[PDB]
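One chain comes next, on its own, written out as structure tokens in the form solved without the ligand.
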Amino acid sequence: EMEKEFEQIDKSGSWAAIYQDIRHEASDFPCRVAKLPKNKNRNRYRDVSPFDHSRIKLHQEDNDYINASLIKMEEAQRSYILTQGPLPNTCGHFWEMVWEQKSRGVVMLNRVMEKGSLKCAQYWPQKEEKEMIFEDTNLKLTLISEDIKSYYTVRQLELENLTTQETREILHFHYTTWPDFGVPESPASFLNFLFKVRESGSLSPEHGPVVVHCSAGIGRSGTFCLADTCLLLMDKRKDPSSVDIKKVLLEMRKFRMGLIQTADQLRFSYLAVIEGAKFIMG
């Protein structure tokens, strides 16, 4: 299986080497639009842009740009939209996307503040009576309920298209315990968090793709989607041990750069998939 490979790479301590090959082999596509001058203030990181071929487009003239990519996993039949944590000026764009793409869930893998810095704008209302209105995209966001757990928080939000008065319920899954430095010691919490998102139906095909982000929307976001897809695959095909994490990761990297930012993140991904496979299929 992959656990053997995991214990192997660990034994020889070649994770960094394993990770480098991936980066070297990683796909390279143009990000022209993300580079246009008019979109400079719509990007969080200069080294984190969406490829033109898989970028999500806002359904509006003037500027259809948002730093978000559609990651379509054909075999696993699962799609994810990976994006950057909204900026003070792109919160309206962020929810416009959620609306236009018909997403049911938003997965947040970071805290608004980490390492003493703001890694993301406060894009959702923190109190029921203090709704948020996004004038530019003409949308209203209202906090309906909030369930705070030790490792994550789930919120029910009501998104209303002020233009048509139509409303939709959005589930916000906020993983709040990813350490400021490195990765979690054990994947237990992360897996439970993933299973929670799954059980909500937010990842199901009847809905638009789930929207995932952290700070750059690649490191933790990549780990989340990689783990989910690998587990699905091990559940769908004849021999589960045929699932090649590296292959899946390369496949995903064809849609957005940076997925999995460090060799430590890669190891953790293996660890999550391995442990998750034991829970799913004993």
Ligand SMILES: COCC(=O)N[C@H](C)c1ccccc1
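Start at 1 and count along the sequence shown; that's the residue number.
Got a sec? Mean C-alpha B-factor, which is higher, 183-191 or 89-97? So the stretch with the higher mean C-alpha B-factor is 183-191.
Can you let me know which of the two, 138-146 or 161-169, has the higher average C-alpha B-factor in the entry? Going by the record's values, the stretch with the higher mean is 161-169.
Could you say which of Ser54, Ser27, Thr229, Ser49 has its CA atom at the highest B factor, as listed in the PDB entry? Highest C-alpha B-factor among the listed residues goes to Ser27.
Modelled-residue ranking by C-alpha temperature factor, third containing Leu58: Its C-alpha B-factor belongs to the middle third of this chain's values.
Taking the entry's C-alpha B-factors for this chain, is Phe224 in the lowest, middle or highest third? It falls in the bottom third of the chain.
Would you mind checking where the Cα B-factor of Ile218 ranks among the modelled residues of its chain, as the lowest, middle or highest third? It falls in the top third of the chain.
Third of the chain, ranked by Cα B-factor, where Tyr65 sits: CA B-factor rank for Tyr65: middle third.
Which third of the chain does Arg253 land in by C-alpha B-factor: lowest, middle or highest? It belongs to the lowest third of the chain when residues are ordered by C-alpha B-factor.
A second form of this protein, the form deposited with the ligand bound, is not displayed here; the remarks below concern that form.
Under the 4.5 Å heavy atom criterion, name the residues of 55-72 that approach the ligand in the deposited complex, in sequence order. Contacting residues: none.
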